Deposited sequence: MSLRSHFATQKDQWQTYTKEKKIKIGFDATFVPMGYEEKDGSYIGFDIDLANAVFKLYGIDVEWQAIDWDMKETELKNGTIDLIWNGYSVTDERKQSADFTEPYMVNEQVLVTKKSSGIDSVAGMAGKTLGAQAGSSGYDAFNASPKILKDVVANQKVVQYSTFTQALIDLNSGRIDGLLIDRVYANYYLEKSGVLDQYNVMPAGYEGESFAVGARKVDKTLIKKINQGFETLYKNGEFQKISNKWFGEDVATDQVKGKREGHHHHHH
């Protein structure tokens, strides 16, 4: 039908036992292409789990991320799921599910540093990622850390790995970074327990799933899928595998 995209197609996804989901193949650790060519990530596991409950297989489609809204509206994909989030501009092209994970800015310090509180950064040196949302939040809400840390400024680094090198050596006392990165990397390296990873105090972006506004049943069925997985313990397993913690939102629970 020429107008499938203008209708609630839940009965279609369920009958065809398949649904198409677009993602940015480079977005570690939400959904990305590994060196061997496989598609893995938190959202990959999460979405596969949700749809498995309905006997639906996910057809993962690596897309031009800038074209995500267009592809969703054209029927190229049926969902945008890859660390996606609500934006009033995005709400122009899609309806969203309840948020499933909060990606807030976290302050990371060595357990041995004794800095187990954001306020404990008073007079201490802070590091952050160049051009990251953490850098911007640092300035936007100065009362949180700027007016506390040494020199009222942050040392900028290229990557979390370079930043972590200086955190470990002691060149910097703390590191402000995306929760998604802090937990994924520290857990993958098996040293998460050697660090205090604390919510910094800035409003974090909530990850949610995007669908065509007409697919109302689809959205609610994903929402329910989250609950189902959180009650049978699946959500926690997936979450632990990727972040070493339960990231479920209250809703899921010159």
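Unmodelled regions (deposited sequence positions with no C-alpha coordinates, counted from 1) are 1-4, 258-262, 264-268.
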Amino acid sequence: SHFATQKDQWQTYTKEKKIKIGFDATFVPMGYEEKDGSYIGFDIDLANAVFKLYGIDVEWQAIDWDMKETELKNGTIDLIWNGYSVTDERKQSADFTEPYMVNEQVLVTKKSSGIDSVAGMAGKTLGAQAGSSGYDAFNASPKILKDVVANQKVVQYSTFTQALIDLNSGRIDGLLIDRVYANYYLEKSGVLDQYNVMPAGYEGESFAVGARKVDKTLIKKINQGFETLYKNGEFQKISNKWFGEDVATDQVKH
From here on, numbers count along this sequence of modelled residues.
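Between the stretches 20-28 and 226-234, it is 226-234 that shows the larger average CA temperature factor. Annotation for 132-140 versus 73-81: the higher mean temperature factor (C-alpha) is found in 132-140. Of the candidates 119, 180, 175, 101, the PDB record gives 119 the highest C-alpha temperature factor. Each of 203, 59, 33, 43 has a CA temperature factor in the record; the biggest one is found at 203. When the modelled residues of the chain are ordered by their C-alpha B factor, residue 184 lands in the lowest third. In this PDB entry, residue 97 carries a Cα temperature factor that places it within the lowest third of its chain's modelled residues. Residue-level temperature factors show residue 167 in the middle third of its chain, judged at the C-alpha atom. Remark: residue 145 belongs to the highest third of its chain, ranked by C-alpha B-factor as recorded.
Remark: residue 155 belongs to the middle third of its chain, ranked by C-alpha B-factor as recorded.
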